Number of protein chains: 2
Amino acid sequence: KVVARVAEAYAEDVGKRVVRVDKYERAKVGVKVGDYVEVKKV
Amino acid sequence: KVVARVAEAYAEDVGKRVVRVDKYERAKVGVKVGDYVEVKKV
């Protein structure tokens, strides 16, 4: 399970169904920028 | 399942195991800022 702490979205991203994920979490999940991910509660 | 598009992390967040999620995705997931989430491939 790749788990990260939730931080508030930057204002310009609000309402766009976007999640900001860094290169480390992306590599573990197996995604690139522009891919989609599921977000779920721990 | 709550799904969002991956965007690049802001530089100040890189390496901190943080994901930026807006109030809409947070409400659907059932989390607040400070909570943890799993991120997984769709």
# chains A, B, ... in the order shown; residues from 1 in each chain; ligands from 1
>>> closest_atom_pairs(of="range 1-41 of chain B", to="range 7-21 of chain A", cutoff="9 Å", atoms="only C-alpha atoms", output="Markdown table")
| residue | atom | partner | partner_atom | distance |
| --- | --- | --- | --- | --- |
| B:3 | CA | A:17 | CA | 7.7 |
| B:4 | CA | A:17 | CA | 5.0 |
| B:5 | CA | A:18 | CA | 4.7 |
| B:6 | CA | A:19 | CA | 5.2 |
| B:7 | CA | A:20 | CA | 4.7 |
| B:8 | CA | A:20 | CA | 5.5 |
| B:9 | CA | A:20 | CA | 4.9 |
| B:10 | CA | A:20 | CA | 7.5 |
| B:13 | CA | A:21 | CA | 8.9 |
| B:14 | CA | A:21 | CA | 8.4 |
| B:17 | CA | A:21 | CA | 8.5 |
| B:18 | CA | A:7 | CA | 6.4 |
| B:19 | CA | A:21 | CA | 5.2 |
| B:20 | CA | A:7 | CA | 4.7 |
| B:21 | CA | A:9 | CA | 5.1 |
| B:22 | CA | A:9 | CA | 4.6 |
| B:23 | CA | A:14 | CA | 7.6 |
| B:24 | CA | A:15 | CA | 7.0 |
| B:25 | CA | A:17 | CA | 7.1 |
| B:32 | CA | A:7 | CA | 8.4 |
| B:33 | CA | A:7 | CA | 5.1 |
| B:34 | CA | A:7 | CA | 6.4 |
| B:35 | CA | A:7 | CA | 8.4 |
>>> calpha_fit_rmsd(fixed="chain A", moving="chain B")
0.1 Å
>>> residues_around(residues="residue 38 in chain A", least_positions_apart="5", cutoff="6 Å", atoms="only C-alpha atoms", output="CSV table (one decimal) with C-alpha atoms, in the first residue's frame")
chain,number,residue,atom,x,y,z
B,2,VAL,CA,-12.7,8.2,-5.8
B,3,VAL,CA,-10.3,8.8,-8.8
B,39,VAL,CA,-3.0,6.1,-3.6
B,40,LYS,CA,-3.3,3.2,-6.1
B,42,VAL,CA,-6.8,2.6,-11.4
>>> select_by_dssp(residues="chain B", states="helix (DSSP H, G or I)", output="list in words")
residues 11, 12, 13, 23, 24, 25, 26, 27, 28 and 29 of chain B
>>> write_last_selection(atoms="C-alpha atoms", output="compact mmCIF listing (two decimals), in the first residue's frame")
# COMPACT_ATOMS: atom_id res chain seq x y z
CA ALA B 11 8.82 21.55 -5.26
CA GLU B 12 8.30 22.41 -1.55
CA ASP B 13 6.31 19.16 -1.09
CA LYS B 23 -12.11 19.65 -0.70
CA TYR B 24 -14.19 17.71 -3.23
CA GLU B 25 -12.02 14.59 -3.36
CA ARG B 26 -11.47 14.83 0.40
CA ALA B 27 -15.21 14.86 1.06
CA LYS B 28 -15.79 11.86 -1.21
CA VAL B 29 -12.91 9.89 0.37
